[PDB]
Q: 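Supplied in structure tokens, the structure appears directly below.
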Amino acid sequence: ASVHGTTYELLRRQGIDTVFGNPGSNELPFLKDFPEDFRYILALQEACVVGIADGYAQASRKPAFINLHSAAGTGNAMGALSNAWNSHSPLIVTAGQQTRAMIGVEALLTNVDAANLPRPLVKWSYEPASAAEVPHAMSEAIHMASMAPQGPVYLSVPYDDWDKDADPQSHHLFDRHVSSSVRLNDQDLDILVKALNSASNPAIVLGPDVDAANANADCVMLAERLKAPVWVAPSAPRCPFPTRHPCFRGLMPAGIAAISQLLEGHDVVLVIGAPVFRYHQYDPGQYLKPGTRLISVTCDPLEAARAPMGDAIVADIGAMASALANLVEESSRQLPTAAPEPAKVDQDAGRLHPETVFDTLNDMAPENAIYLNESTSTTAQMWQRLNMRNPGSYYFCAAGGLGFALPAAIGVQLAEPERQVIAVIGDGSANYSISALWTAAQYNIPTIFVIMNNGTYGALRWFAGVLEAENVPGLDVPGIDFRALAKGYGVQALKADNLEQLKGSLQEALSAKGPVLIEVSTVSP
Amino acid sequence: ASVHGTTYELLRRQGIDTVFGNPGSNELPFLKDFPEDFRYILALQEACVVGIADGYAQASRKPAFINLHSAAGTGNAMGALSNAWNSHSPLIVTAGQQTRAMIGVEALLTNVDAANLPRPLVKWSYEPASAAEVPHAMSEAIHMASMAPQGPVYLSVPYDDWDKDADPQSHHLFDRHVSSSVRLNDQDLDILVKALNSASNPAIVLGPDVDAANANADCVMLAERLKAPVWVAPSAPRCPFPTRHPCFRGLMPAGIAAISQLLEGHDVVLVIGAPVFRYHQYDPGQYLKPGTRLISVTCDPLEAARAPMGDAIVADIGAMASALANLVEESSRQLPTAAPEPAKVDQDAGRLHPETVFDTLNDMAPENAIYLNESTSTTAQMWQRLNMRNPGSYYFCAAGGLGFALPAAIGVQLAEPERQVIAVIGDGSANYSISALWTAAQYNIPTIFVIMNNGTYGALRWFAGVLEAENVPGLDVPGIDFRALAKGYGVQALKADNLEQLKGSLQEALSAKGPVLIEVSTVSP
Amino acid sequence: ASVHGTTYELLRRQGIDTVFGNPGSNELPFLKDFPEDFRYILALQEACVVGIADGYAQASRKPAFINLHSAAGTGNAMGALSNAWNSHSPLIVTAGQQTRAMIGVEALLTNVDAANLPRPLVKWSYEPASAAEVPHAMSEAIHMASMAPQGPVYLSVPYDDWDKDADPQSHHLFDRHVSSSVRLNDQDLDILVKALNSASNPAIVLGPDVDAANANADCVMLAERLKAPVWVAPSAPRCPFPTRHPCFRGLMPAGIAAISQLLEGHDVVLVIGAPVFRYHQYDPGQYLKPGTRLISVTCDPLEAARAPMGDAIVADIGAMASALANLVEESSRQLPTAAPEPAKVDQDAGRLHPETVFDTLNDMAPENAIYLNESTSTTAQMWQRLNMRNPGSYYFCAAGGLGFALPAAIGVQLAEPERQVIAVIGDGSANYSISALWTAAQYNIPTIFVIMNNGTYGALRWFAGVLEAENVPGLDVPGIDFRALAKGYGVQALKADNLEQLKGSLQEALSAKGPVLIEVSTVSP
Ligand SMILES: Cc1ncc(C[n+]2csc(CCOP(=O)(O)OP(=O)(O)O)c2C)c(N)n1
Ligand SMILES: Cc1ncc(C[n+]2csc(CCOP(=O)(O)OP(=O)(O)O)c2C)c(N)n1
Ligand SMILES: Cc1ncc(C[n+]2csc(CCOP(=O)(O)OP(=O)(O)O)c2C)c(N)n1
Ligand SMILES: [Ca+2]
Ligand SMILES: [Ca+2]
Ligand SMILES: [Ca+2]
Ligand SMILES: [Ca+2]
Ligand SMILES: [Ca+2]
Ligand SMILES: [Ca+2]
Ligand SMILES: [Ca+2]
Ligand SMILES: [Cl-]
Ligand SMILES: [Cl-]
Ligand SMILES: [Cl-]
Ligand code: NA
Ligand code: NA
Ligand code: NA
């Protein structure tokens, strides 16, 4: 067998059937004779290729396979890899290299020092020392991306390798199963359960790896048994809990002092599936107040090591959430009462307040909608105003890197064809990966893109205002016609300058058979 | 003085007055109180920011300064850095880091292991160990980018550093001058000159560092004295010689065997300012034929070390070209005769042959036009059909990384406001950095963008056809309306479906007062 | 031809005829059929292998070739590589890798991520992508080590490559000549010469690259014409000037404030072949005083970029020293007067003062002796008390890394068989690379090793005393019998407990036909 044949067999035997790509000449010997059982999803720039694969992997809860062109294609994807690293996304990134005979002389399209290029944003990065090694290297890449803590990996392959003979012992790779589905040993788990049962005022904090594990329902059971309030850890890349459940208390502020103040009076704080903590603004103070102790359950040794406080347990989030949910006592305390609905903000017949937009989306969207957020000045409002009952209902760029939501929303919609995806994206953010719209049009992936157009980088302006920073350049982005950009890439486009038009545009988008972009005129910040 | 004040003084004292950027929160303390004598050029995505800075640096022959946001912004620029590395572009890339107090915990927007992120595509990469060190680190970055062989460098700065007190000894940095303007010692230069004077049939090969050095006119004198034919080294990022001078022989094919065959019968081949050689296709054979020896003059030790044949001298291209041009004898051989004009290809009243497009551009464009090429299947035609008399008249992505020409054409036009820039870009290539159009519109930088629309990745299809590679996915890019994309970003747009319309569109574009995009319907390959 | 045959031919054609090594199984296919015209120098640990090669390369002024075993052997050499980096030593370090078929599975003796292992202490680090590429990679390694600024490089080779067929085009590598023998262009050199001619009170500072270039005699002519005092730059790895010439002023103190004070009143300070500056102690103050400006000539862009003050020129030290020495005017100022001889320190009939040891070495050693220093608390005394008239007469660990002088002294003695090498090494320093003594015994390389035994890490104790640092552990090294260690490795050994015995021991050592170790009882600090 050829390296090509053997590698596609390994991929299908390991459950991979889709290649997200932007092709090039070093990759043609891989992509030729493309197997009939595989599908190729083209995007026009590599940040888009990786963003689409990333949303697809996060929503499908399985690895996604990517093929890019040498150094320049890999390099165009590195901002996307920064997000994938922080969201633990299992991405197998492959890139074609020059023929082995011309690497030394550095022919055009040589990826120099290739394994170093994507570092430090990958778990594993490698170029094989021979063609026959390629299937083994691919196997090692698949398992490195898929084992906890999941994350992106990188494999560089010289283009002449694909047609060479494969090692006949490569078949032992095809059906390997690798498990990291582990939980704390019985004795120490009994100790943890006793600490939770004994707490007078426990609190629970959940992060993105809960939603990645589909541990959401077990976390609901855990919170109900402990009669405990539940927050989402700051800078949240995913939504790990039903946002109108009585225990839910919302998104934590991303500040040291704000979080210790929030947790004051809670004797035991159980954090599951989050870093401790993804702070953002510098809000110095106590990490925890006297009387509070913290216990973190994380799938990632790096998270356990870097936490500035608390104990930690490194284990699988699905297995730990299920064990805790089923082992803890039912507390005799009263169940927390649900937060009230957010108030309607005053809205005239002109430009839309973001609050109005979220309230209208919540009123009209199906109950199993999936949202993506890249509208950076409106995140708090979004979290308060969208009832997200189900797992897999929210995605936000995990490293704060813009250019994620537009392509990711297409990958999520591909992963979840029966759940309407609605991406809410600022006018600034929309540009970073604008060309991803073309992939939605070409494959008829019916994502709805809601562009919040306020003319400025609003979160940055707000932050400049707080700093009393004067004379900062580059904060305004006037003069972009998003309906024309959508037309440019073949996507139906609508505009909403007021609430009447927003309602009508949403009704039309929701009944459409393809992707739709709605440009919404929102109030200046 | 503050680190902020001291660093802007160092920048202006070292000739830097423009910041190319896409801003973020880690950068606000740098960008605040932005000095009145500086200008900020915003672009909407970081590949565009760096591409614009890169064209500006290459055309101005001086370093360009860039400011990006942490890891995600740096990562979005890494494909652009792959080109900048291969073109020796002097780029000072700065990125903001989290406040020093939250780096350890990996707060959101921490650039982890920051100096490793852009490697291996930078000459130098660093994050200072203290705020007071920032001006010294910036000084070291400026000189590392600017010394031969020039190239991109990277500096990561924690956002809290800018407001701290600067080291009072930082003033010694402000006026430092560093020279790499060197040439081979007299004795060995005399030996080289004697070898050239003695050659029976010399040939000259010139690469991009000739145009970077503005050594073009000296190379003309050298070729006239030696009565030698002149080729441009393969995969050419720049044009180093007047393309209708009698000695000119065109772009070399990027193949080992093709080049040795081309050079057969030439006893001494003098290569100046090029790698030996930037081959592309794998065309195995002899590196040189018997009877040919090669001498390379390069500014880059890495080029001298990796050449598979020939002697080499590592020195400044400007100084060596001037010395050789002035020291060699006038040969009694006959001057080479000019190549004939290329023939007119048959053209009907329908879609345009690329040859027709280049002939029409050559007929109408000013004699001091500057061209950029990212129309990958038409490069040979372009080189044959455009008379480029002057230095600085051609740019092509030096690493083959698409997404260069559209933003670079804006930077070149900014650098050369009295030379009309015309970027010829394929419909595939146009998407990678499409949002750069907005910067042309906003700052009214009057670049003309000619989009060659044939609906496909034509160079890849052609290469697949040569490989007899069947069933390759992802080669077609139908359904893009480039006039709508131009409208989206505020750029006047025209379409040319036939020659009459191409002529009219060019006449209108050439008389326009702002940027213009022309979508040209070209023949399918 | 085989890769083995082709690679040894490339080595001999490039002037390499000696392999310094400690062998292993990954290297056996390289070392088998070892050519009759080559010689192999074994050392018992890899810090010793590299130290011996390093002294040999520095003294011979040509590259040295090293062969080590995989990761563990490379790793044992990395302290030695830290020194080689700072001394610009041209070392070609090769290490054997596992067979290509077992790299992926990480068999025992796989060098994982091999090219990253020696970074950041090498100029170039690589593992070839195929066996046929090995000769080209070796060629690129040879030129990278040998081009200015010279330095160590690293090549990892899978053991199965050596027996494979070589590329038939590899012969073009054999005779390549690469020159970096360059100097500043005429116009700017004329400007520099005029600045020197015009100076009222110039000073000259010389570093190790002067001695590496054998530019010492040209620097003498330059100093005589300018009638200028000459200092050696701080932390000196080599001696660049005759130490009893009338212009000589000694080793500069390694402190910022001390150096600006020393240079006060000098209007132009010309630094040649040194970093600006290799400070050591933290002695904050002005980098230069008002009235002093600095001009650095360096072969190393990194040195020019990082200097905190002055102008710089990046060029070959040999070519620049020769041009300056021959172009400057003879000043009418009076020639500097020679420093007086150092005084005799009072010495009783007991333990030796280091001053007594150096005075006695100076009295008895031949005028063309070569000294090495790794007696860290006595460096100033050594520089004052040894008349070193000739180039290549002094070596000190360029990164301050102990374990250099003992092996390096053996390599220097191998390079200079007619100059008596005398290594003066502290009792602490002697242990780091003690096993190197065996190589001197086995090959009868007649180095003399003078062990200064004061029982303590004296420089560290002194520094602790200055810091008023109490209760520092680990400063004493009692209970080492260096005559027994010398006997252990086959080297004749002598002891000197007083001056009578020191004189007798030196007389015996100087007349010996093999290596000799003298253990000298020196005064406690
Ligand atoms: C790749 C990248 N570049 C720059 C930034 C810095 N940044 C954070 S928020 C923001 C503005 C986003 O503007 P927009 O999408 O319009 O939303 P708004 O803040 O107006 O709600 C920017 C530029 C970033 N996070 N990522
Ligand atoms: C960043 C990047 N991604 C992918 C490629 C691979 N590639 C080389 S040429 C090419 C097609 C360019 O198509 P187009 O601009 O339409 O020009 P044409 O070949 O049709 O003349 C592609 C995708 C590349 N060189 N750079
Ligand atoms: C490899 C290495 N380890 C540790 C040190 C730290 N160090 C510098 S000087 C010194 C002591 C040297 O003692 P010795 O050789 O006896 O000379 P003395 O200071 O007594 O003159 C030490 C341990 C070093 N420079 N290099
Ligand atoms: Ca409602
Ligand atoms: Ca906005
Ligand atoms: Ca990297
Ligand atoms: Ca014409
Ligand atoms: Ca095309
Ligand atoms: Ca004496
Ligand atoms: Ca000692
Ligand atoms: Cl157990
Ligand atoms: Cl000279
Ligand atoms: Cl000159
Ligand atoms: Na190479
Ligand atoms: Na950390
Ligand atoms: Na492996």
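Atoms within a ligand are numbered from 1 in the order they appear, just like the ligands themselves. Proteins get letters first, then strands, A, B, ... in listed order; numbering begins at 1 in each. Atom set for the values below is all heavy atoms of this structure, side chains included, hydrogens, waters and symmetry mates excluded.
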Q: So which heavy atom in the protein is nearest atom 20 (O) of ligand 3, and how far is it from that ligand atom?
A: C:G458 N, 2.8 Å

Q: To the nearest 0.5 Å, what is the distance between CZ (A:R293) and CE (A:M309)?
A: 13.5 Å

Q: Could you check whether any side-chain heavy atom of C:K495 comes within less than 4.5 Å of a side-chain heavy atom of C:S521, counting everything from C-beta outward?
A: yes

Q: Of all the non-hydrogen atoms in the protein, which one sits nearest to atom 13 (O) of ligand 3, and at what distance?
A: C:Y457 CD2, 3.5 Å

Q: C:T378 versus ligand 3: do any nitrogen or oxygen atoms come within less than 3.5 Å of each other?
A: no

Q: Taking atom types as modelled and ignoring hydrogens, do the side chains of A:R119 and A:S125 form a donor-acceptor contact shorter than 3.5 angstrom?
A: no

Q: List the atom of C:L91, the atom of C:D54, and the distance in Å for their closest heavy-atom pair.
A: CD2-CA, 3.9 Å

Q: With a 4.5 Å cut-off on side-chain heavy atoms, are A:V271 and A:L294 touching?
A: yes

Q: Should C:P354 and C:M452 count as side-chain neighbours, where that means a heavy-atom distance under 4.5 Å?
A: yes

Q: If the condition is salt bridge (charged side-chain N to carboxylate O under 4.0 Å, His left out), which residues does C:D211 pass it with, not counting sequence neighbours?
A: C:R61, C:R238

Q: Which atoms from ligand 3 have a heavy atom of C:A459 less than 4.0 Å away?
A: 18 (P), 19 (O)

Q: Of all the atoms in ligand 3, which lie at a distance below 4.0 Å from a heavy atom belonging to C:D427?
A: 16 (O)

Q: Return the closest protein heavy atom for atom 21 (O) of ligand 3 as residue, atom name and distance.
A: C:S377 OG, 2.6 Å

Q: For atom 25 (N) of ligand 3, what is the closest protein heavy atom, and at what distance to 0.1 Å?
A: C:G400 O, 2.8 Å

Q: Decide yes or no for C:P237 and C:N86: does some side-chain heavy atom of the first lie under 4.5 Å from some side-chain heavy atom of the second?
A: no

Q: Are there any protein N/O/S atoms under 3.0 Å from the Ca ion (ligand 10), and if so, which?
A: C:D427 OD1, C:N454 OD1, C:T456 O

Q: Considering only non-hydrogen protein atoms, determine which one is nearest to atom 6 (C) of ligand 3 and report residue, atom name and distance to 0.1 Å.
A: C:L402 CD1, 4.4 Å

Q: Between C:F482 and C:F449, is there a side-chain heavy-atom distance shorter than 4.5 Å?
A: no

Q: Quick one: look up the protein heavy atom nearest atom 23 (C) of ligand 3 and list residue, atom name and how far away it is.
A: C:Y432 OH, 3.5 Å

Q: Once the angle between the rings of C:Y279 and C:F277 is folded into 0 to 90°, is it parallel (under 30°), tilted (30 to 60°) or perpendicular (over 60°)?
A: perpendicular

Q: Report the nearest protein non-hydrogen atom to atom 16 (O) of ligand 3: residue, atom name, distance rounded to 0.1 Å.
A: C:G428 N, 2.8 Å

Q: Mark up the atoms of ligand 3 that fall under 4.0 Å of a heavy atom belonging to C:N454, in ascending order.
A: 20 (O)

Q: Looking at ligand 3, does C:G403 have a heavy atom less than 4.0 Å from it?
A: no

Q: Measure C:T456 to ligand 3 on non-hydrogen atoms and call it side chain, backbone, both or neither using the 4.0 Å cut-off.
A: backbone

Q: Provide the closest heavy-atom pair for A:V205 versus A:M252 in the form atom of the first, atom of the second, distance.
A: CG1-SD, 3.6 Å

Q: Quick one: look at C:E374 and ligand 3, take heavy-atom pairs under 4.0 Å, and tell me if it's side chain, backbone, both or neither.
A: backbone

Q: Can you find a heavy atom in the side chain of C:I370 that is under 4.5 Å from one in the side chain of C:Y395?
A: yes

Q: Which heavy-atom pair separates C:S235 from C:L251 by the least distance, and what is that distance?
A: N-CD1, 4.3 Å

Q: Using ring-ring contact (aromatic ring centres under 6.0 Å, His included) as the criterion, list what pairs up with B:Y126, not counting sequence neighbours.
A: B:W124

Q: Could you find the nearest protein heavy atom to atom 17 (O) of ligand 3 and give me its residue, atom name and distance?
A: C:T376 OG1, 3.2 Å

Q: Please report the closest heavy-atom contact between A:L121 and A:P152, naming both atoms and the distance.
A: O-CG, 3.3 Å

Q: Which atoms of ligand 3 are found less than 4.0 Å from any heavy atom of C:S375?
A: 21 (O)

Q: C:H353 pairs by side chain to side chain contact (heavy atoms under 4.5 Å, CB included) with which of C:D359, C:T378, C:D346, C:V345?
A: C:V345

Q: Given side chains that start at C-beta, do those of C:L499 and C:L352 come closer than 4.5 Å, heavy atoms only?
A: yes

Q: Tell me how many protein N, O or S atoms are closer than 3.0 Å to the Na ion (ligand 15).
A: 1

